[PDB]
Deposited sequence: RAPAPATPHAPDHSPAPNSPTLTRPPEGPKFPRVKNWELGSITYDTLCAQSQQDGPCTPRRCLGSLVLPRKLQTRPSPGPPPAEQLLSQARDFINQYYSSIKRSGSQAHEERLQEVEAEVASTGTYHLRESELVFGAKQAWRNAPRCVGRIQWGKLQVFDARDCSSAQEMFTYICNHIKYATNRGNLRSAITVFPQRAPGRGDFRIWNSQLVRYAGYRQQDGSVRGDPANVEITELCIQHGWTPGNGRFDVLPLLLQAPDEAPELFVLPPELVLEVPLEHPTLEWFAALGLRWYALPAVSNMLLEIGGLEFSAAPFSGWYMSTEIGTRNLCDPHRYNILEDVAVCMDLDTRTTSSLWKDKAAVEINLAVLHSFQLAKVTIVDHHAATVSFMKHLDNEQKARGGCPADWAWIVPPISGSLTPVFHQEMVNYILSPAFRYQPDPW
């Protein structure tokens, strides 16, 4: 009937339609000929900018119920005149707040979006040095960590400016363990971070040799080389991993940090580009227990734990991988709880995201969602989102990926 994507939940039998997708301005990677949905990273003119700026201003006035108003039309003339003279324009404070929240809300790969309204936005568009970026970041970490009672936050630094260098945080997260390529070809620490480790070295960091060494920050102010800042340890809250009944698990000496703070994503709002705008939430347990600790190309501790558990690792059909993986996820949850550090398991998360989808069905007529990223990397069909069809598309405001500064 409706000229919109019919969406089905196969557990409950319920149908919805997505009308929100009709608001999408940007093409994704798919075509009638092939679906490229499983690719991680698939491949201004004042006219262009203005149309984006206008669209965002309309989104904004809509959210405060003043679409059509004198303040709405005036704001548009203001933005247009601003672009007409400077090539760019600037956002008001509450516009930046609404956009930051809307970029999160629009993020198709994020299962934590039920929280999208509770996002603390720190304005740091006054920042003029790399030392200043460090203070803001430290403040963010302090506020967001909150002694283990975690709080979603983002800190926004100056936007891209015509003929001027970006503000860039070089690291992909604010907190990252070092990756040390060994002489025997192997890697000590986190293999994910070999390149950022070597970059920190080339820039004069005296490197450690642990499995869990916190990297310094490489902060870059416009038209200047990156400077190096070492985070004070007490600011970086960590959780030692023990298991609730496997007494030896604590002896493995594994740990993870409390705060997931992504720092290399571009925040786009109304055609304005914020190249440095780190944000943080809290972890879902499988991020640590499954991806970071058990990916072959990460810590890859699955065999280790499996041996300690005395499993038959010579054969797939023992499900020793599945067994070990559970106990690692359980230990992540148990330790974070014990340490009173905010964390959510993948059942509780996906349940909360089903409620999110229902909220947005009413609120906006749909929700852009990446099924491959929303389903957890363990126990997939045991969570309710596995049985939920999803429609994926790009809305703006948006968190976008951006090429590495070097």
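Chemist: Missing CA coverage against the deposited sequence, listed in sequence order.
Modeler: Unmodelled stretches, in sequence order: 1-27, 71-80.
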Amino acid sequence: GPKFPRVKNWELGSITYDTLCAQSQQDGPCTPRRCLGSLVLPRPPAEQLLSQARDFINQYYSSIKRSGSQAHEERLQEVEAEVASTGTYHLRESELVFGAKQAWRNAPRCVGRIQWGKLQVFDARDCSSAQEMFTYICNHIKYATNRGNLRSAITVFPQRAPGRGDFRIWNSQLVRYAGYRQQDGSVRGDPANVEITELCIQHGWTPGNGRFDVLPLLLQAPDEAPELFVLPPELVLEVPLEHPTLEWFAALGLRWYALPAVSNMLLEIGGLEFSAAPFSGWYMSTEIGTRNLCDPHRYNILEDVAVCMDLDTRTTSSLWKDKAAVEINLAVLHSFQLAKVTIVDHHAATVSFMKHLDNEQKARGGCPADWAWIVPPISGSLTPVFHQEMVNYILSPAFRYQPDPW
From here on, numbers count along this sequence of modelled residues.
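Whichever C-alpha set is largest while still superposing within 1.5 Å between the two forms counts as the rigid core.
Chemist: Name the stretch, 292-300 or 160-168, whose C-alpha atoms sit farther from the shown form on average in 9 other deposited structures of this protein, taking the rigid core as the superposition reference.
Modeler: Stretch with the higher C-alpha RMS distance in 9 other deposited structures of this protein: 160-168.
Chemist: After superposing on the rigid core, which of 69-77 and 263-271 has its C-alpha atoms sitting farther from this form in 9 other deposited structures of this protein?
Modeler: Per-stretch check in 9 other deposited structures of this protein: the more divergent one is 69-77.
Chemist: Tell whether, across the other compared PDB entries, at least a third have no coordinates for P44.
Modeler: Comparison shows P44 dropped in at least a third of the other entries.
Chemist: Test of understanding: from the entry's C-alpha B-factors, which stretch has the higher mean, 330-338 or 219-227?
Modeler: Mean B over CA atoms: larger for 219-227.
Chemist: On average, are the C-alpha B-factors higher in 250-258 or in 81-89?
Modeler: Result of the comparison: 81-89.
Chemist: Out of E238, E287, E73, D322, whose C-alpha atom has the biggest B factor in the entry?
Modeler: Highest C-alpha B-factor among the listed residues goes to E73.
Chemist: Could you tell me which one of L382, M390, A398, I15 shows the highest CA temperature factor in the PDB record?
Modeler: Answer, based on the entry's C-alpha B-factors: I15.
Chemist: For the chain shown, is the CA B-factor of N146 in the lowest, middle or highest third of its modelled residues?
Modeler: CA B-factor rank for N146: middle third.
Chemist: Report the third (lowest, middle or highest) to which the CA temperature factor of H203 belongs, ranking only the modelled residues of the same chain.
Modeler: Its C-alpha B-factor belongs to the highest third of this chain's values.
Chemist: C127's Cα B-factor: lowest, middle or highest third of the chain?
Modeler: Tercile = middle for this residue's CA B-factor.
Chemist: Going by the entry, which third of its chain does the Cα temperature factor of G28 land in?
Modeler: As the PDB entry reports it, the C-alpha B-factor of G28 lands in the middle third of its chain.
Chemist: C-alpha B factor of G210, ranked within the chain: lowest, middle or highest third?
Modeler: Highest third of the chain for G210's C-alpha B-factor.
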